[PDB]
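See below for the structure under consideration.
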Amino acid sequence: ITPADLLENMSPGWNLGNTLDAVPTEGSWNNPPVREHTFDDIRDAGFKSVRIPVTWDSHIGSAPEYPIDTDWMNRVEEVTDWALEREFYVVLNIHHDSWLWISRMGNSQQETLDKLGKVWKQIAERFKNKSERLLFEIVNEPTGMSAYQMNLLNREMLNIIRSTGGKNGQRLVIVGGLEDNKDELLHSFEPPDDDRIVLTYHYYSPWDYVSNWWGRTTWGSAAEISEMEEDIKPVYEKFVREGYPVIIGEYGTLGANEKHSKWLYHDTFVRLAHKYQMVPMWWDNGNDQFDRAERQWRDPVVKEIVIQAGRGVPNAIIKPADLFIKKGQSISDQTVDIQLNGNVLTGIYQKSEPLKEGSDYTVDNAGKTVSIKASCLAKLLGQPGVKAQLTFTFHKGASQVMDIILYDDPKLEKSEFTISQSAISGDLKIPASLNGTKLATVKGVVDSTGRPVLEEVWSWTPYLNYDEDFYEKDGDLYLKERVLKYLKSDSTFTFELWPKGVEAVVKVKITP
Ligand SMILES: OC[C@H]1O[C@@H](O[C@H]2[C@H](O)[C@@H](O)[C@H](O[C@H]3[C@H](O)[C@@H](O)[C@H](O[C@H]4[C@H](O)[C@@H](O)[C@H](O)O[C@@H]4CO)O[C@@H]3CO)O[C@@H]2CO)[C@H](O)[C@@H](O)[C@@H]1O
């Protein structure tokens, strides 16, 4: 099996995150135990492969044999079979065991490695006779051991798998370096002597963009795009063109919410993975992309981008993706720029009704610049929010959808809060009427000094981090308890919104 064969068979992939990998068991985190029909839903979307992370920890019995709980093994087989019966290529692994107990390798190798061997022999034996579309991944983000120990661990677990024989003699086995890190793979890793292995790494760069840390709310400079390619090209050069298939076991955004950047990031990364013959598997923890309960994608466009790009089909990208019009403003013609990426604009629709080229909109000769006429905009537009959506269709690749959003100045019922340090318990709710605007990022500054509220954590910036420090929910703004606990004296928080330049300033007073 060549790297090209694996790409053709597996790209694009999707992770069943925070499910069988949850702790202590399936359903312990934000997703319930997976329903069979979720795999039908992922099939409907067009993914060719799924990764099923599994944390075995609480289901492993005592020394010396470490028997895996029978009901758990039955459940993992049930879920694995559901995926396989939908003709997916399927990745089965050992997941959060990596830090729950495997990272004891450094301090206690002989006991830990013995235990891991007995665990993998049990997994290998149960799944020995499954079709070749099932792949084994030795361990997720391995840590707490040397590079030498990592290479030993890969070799020993692979030997155990091979030794069970039958189809496990030829089954694809996925290995990587420390922490599934790309640089470890390139510099400390050595491939086991085996001609049926696949190499892996995870990719989440830039971390502060994908996680919306420190106010890094956009992505896509020429340098950023160049740096993304230069990141992964050496893996192609050292391994792929030497015949090693490669799986990017996880990639994707982790809270970043700006549409244009998110779409551009996914199209760019997946196209680069495809170019260099690496299978991209999308990280979905159940909150960020596919809504399993509603059985719908929270961002259908970014999903369609991954589906097309993962098949080697470039997607056109429009800017802006969100058009903000302020209540009362004078209306003029609106320019939308299109990064065609080889594609051809075939129309612009509202619902399934087409706009008229000439009177509703015009295009330049290149076909990459669209002017939506003011009179058309006026018709599409008194309550704030998304008033209309324009769907740009292309001959090939995903459609682009532009929200036309009416907004007005956000209003807060209360913009000053007093907190007692001894009485802190849970997040601070800041009721708001955002009037069509959306939360982008937040910074926090100590009034008397002008220094960051979180200076003891991040010295160089006042900007806070999405989710761990702040969030928006049901139209209200929140500061996490974490932030409140760092407050020493009166501070000012700036909630920066979309559209760029609109913000809401909140003062927080501190008492004992
Ligand atoms: O625990 C009860 C409580 O759980 C809540 O669910 C939380 C979990 O508590 C929390 O541990 C979990 O954090 C996940 C995160 O969502 C994943 O995106 C992340 O994925 C990792 C991946 O596993 C690694 O292989 C990879 O390389 O890095 C990515 C990204 O970091 O893994 C972490 C766990 O380590 O998130 C859950 C949802 O917020 C419930 O919501 C709550 O109701 C429960 O009371």
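Following the order of the structure tokens, first chain is A, next is B, and so on, with residues numbered from 1 inside each chain and ligands from 1 in the order they appear.
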
As a quick test: using only C-alpha atoms and all ligand atoms, which residues lie no more than 6 Å away from ligand 1? Give them as a CSV table (one decimal) with N, CA and C atoms, in the first residue's frame.
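Output file out.csv is given in full below:
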```
chain,number,residue,atom,x,y,z
A,28,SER,N,-19.0,10.1,29.9
A,28,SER,CA,-18.6,10.9,31.1
A,28,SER,C,-18.5,12.3,30.8
A,29,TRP,N,-18.1,12.7,29.6
A,29,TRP,CA,-17.9,14.0,29.2
A,29,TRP,C,-19.2,14.6,28.5
A,30,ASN,N,-19.0,15.4,27.4
A,30,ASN,CA,-20.1,16.2,26.8
A,30,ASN,C,-20.9,15.4,25.8
A,140,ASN,N,-2.0,7.4,21.6
A,140,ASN,CA,-2.2,8.8,21.3
A,140,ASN,C,-1.3,9.7,22.2
A,285,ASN,N,-14.8,17.3,18.8
A,285,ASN,CA,-15.1,16.8,20.2
A,285,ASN,C,-16.6,16.7,20.5
```

Could you pull out all residues of stretch 87-198 of chain A with a DSSP call of strand (DSSP E) and give them as a PyMOL selection string?
chain A and resi 89-93+134-137+173-175+197-198

Suppose we keep C-alpha atoms; can you now write the selection as a PDB file, in the first residue's frame?
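Resulting contents of selection-v9.pdb:
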```pdb
ATOM      1  CA  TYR A  89     -11.609   2.846   7.023  1.00  0.00           C
ATOM      2  CA  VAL A  90     -11.402   2.856  10.804  1.00  0.00           C
ATOM      3  CA  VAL A  91      -8.618   3.835  13.246  1.00  0.00           C
ATOM      4  CA  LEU A  92      -8.810   2.186  16.676  1.00  0.00           C
ATOM      5  CA  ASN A  93      -6.360   3.376  19.348  1.00  0.00           C
ATOM      6  CA  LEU A 134      -9.421  -1.538  10.416  1.00  0.00           C
ATOM      7  CA  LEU A 135      -6.115   0.073  11.425  1.00  0.00           C
ATOM      8  CA  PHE A 136      -4.467  -0.043  14.872  1.00  0.00           C
ATOM      9  CA  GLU A 137      -2.887   3.094  16.363  1.00  0.00           C
ATOM     10  CA  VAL A 173      -0.308  -0.226  12.327  1.00  0.00           C
ATOM     11  CA  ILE A 174       0.037   3.496  13.051  1.00  0.00           C
ATOM     12  CA  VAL A 175       3.084   4.809  14.932  1.00  0.00           C
ATOM     13  CA  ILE A 197       3.190   0.700   9.081  1.00  0.00           C
ATOM     14  CA  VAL A 198       1.687   4.180   8.780  1.00  0.00           C
TER      15      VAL A 198
END
```

Identify, on the basis of only C-alpha atoms, every residue whose closest approach to stretch 72-81 of chain A does not exceed 10 Å; exclude the query and any residue fewer than 2 positions from it along the same chain; express the result as a PyMOL selection string.
chain A and resi 20+25-26+33-36+39+50-52+54+56+58-60+68-70+83-88+90-92+122-123+126-127+130+134

With distances taken over only C-alpha atoms, which of A:168, A:43, A:23, A:452 is nearest to residue A:488?
A:452

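Of the residues under consideration (A:443, A:182, A:509, A:429), A:429 shows the shortest atom-to-atom contact distance to residue A:472 when counting only C-alpha atoms.
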
Which neighbours of residue A:112 fall inside 9 Å, counting only C-alpha atoms, when residues of the same chain fewer than 4 positions from it are skipped, and could you give them as a compact mmCIF listing (two decimals) with N, CA, C and O atoms, in the first residue's frame?
```txt
# COMPACT_ATOMS: atom_id res chain seq x y z
N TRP A 101 -1.83 6.72 32.71
CA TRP A 101 -0.87 5.79 33.31
C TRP A 101 0.36 5.43 32.46
O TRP A 101 1.40 5.04 33.02
N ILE A 102 0.28 5.57 31.14
CA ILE A 102 1.42 5.16 30.30
C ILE A 102 2.64 6.07 30.53
O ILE A 102 3.79 5.63 30.39
N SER A 103 2.41 7.32 30.94
CA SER A 103 3.53 8.25 31.15
C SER A 103 4.36 7.91 32.40
O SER A 103 5.37 8.56 32.69
N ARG A 104 3.96 6.86 33.12
CA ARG A 104 4.79 6.28 34.16
C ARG A 104 5.98 5.50 33.58
O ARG A 104 6.84 5.02 34.34
N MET A 105 6.02 5.37 32.25
CA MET A 105 7.14 4.69 31.55
C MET A 105 8.52 5.17 31.99
O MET A 105 9.42 4.36 32.19
N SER A 108 8.98 4.00 35.74
CA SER A 108 8.67 2.60 36.00
C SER A 108 8.47 1.81 34.72
O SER A 108 7.39 1.26 34.48
N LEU A 116 1.22 -2.45 29.30
CA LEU A 116 0.77 -2.01 27.99
C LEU A 116 0.78 -3.18 26.98
O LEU A 116 -0.17 -3.33 26.19
N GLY A 117 1.83 -4.00 27.02
CA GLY A 117 1.88 -5.20 26.21
C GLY A 117 0.69 -6.12 26.43
O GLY A 117 0.11 -6.65 25.48
```

Residues within 9 Å of residue A:392, please, as a ChimeraX atom specification. Count only C-alpha atoms; anything in the same chain fewer than 3 positions from it doesn't count.
/A:318,345-349,399-402

Taking only residues of stretch 425-474 of chain A that have an atom at most 12 Å from an atom of stretch 326-341 of chain A, what is each one's shortest atom pair and its distance in Å to one decimal, using only C-alpha atoms, in chain and number order, as a Markdown table?
```
| residue | atom | partner | partner_atom | distance |
| --- | --- | --- | --- | --- |
| A:435 | CA | A:327 | CA | 9.9 |
| A:436 | CA | A:326 | CA | 9.3 |
| A:437 | CA | A:326 | CA | 10.0 |
```

Export, as a JSON list (two decimals), in the first residue's frame, the selected residues with C-alpha atoms.
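Listing of part01.json after writing:
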```
[["chain", "number", "residue", "atom", "x", "y", "z"],
["A", 435, "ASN", "CA", -27.96, 43.61, 18.84],
["A", 436, "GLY", "CA", -26.46, 41.51, 16.06],
["A", 437, "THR", "CA", -22.84, 41.73, 17.15]]
```
